[PDB]
């Protein structure tokens, strides 16, 4: 049994073509878990995970702040206490339109990576 403070995990700041202003923490990863993985994402004010898709699902829980969710033909801003399920191959992305950091847990099957 691993019991850990999520904040104590070293984050990877993520800077790509599609991602900026985002830190990722892998809480429970591929070496720990037989089936799925748990990450914690922090998005800085104005941070972006642009639209993309992949052949595996996301189960997400919004932990802090107002999270803007990008969809194929629209967006929806939700907040802390919402859960989100993205089906395999469904176009999605995220953005922080607020002036404070937003946090969300994101879980994916091990096929998806980590």
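Positions refer to the first chain, counted from 1.
- Annotation for residue 42: CA B-factor lies in the middle third of the chain's modelled residues.
- Residue 102: CA B factor lies in the middle third for its chain, per the PDB record.
- Split the chain's modelled residues into thirds by C-alpha temperature factor. Residue 34 is in the highest one.
- When the CA B factors of the chain's modelled residues are split into thirds, the value for residue 76 lands in the lowest one.
- Sorting the modelled residues of the chain by their CA temperature factor places residue 2 in the highest third.
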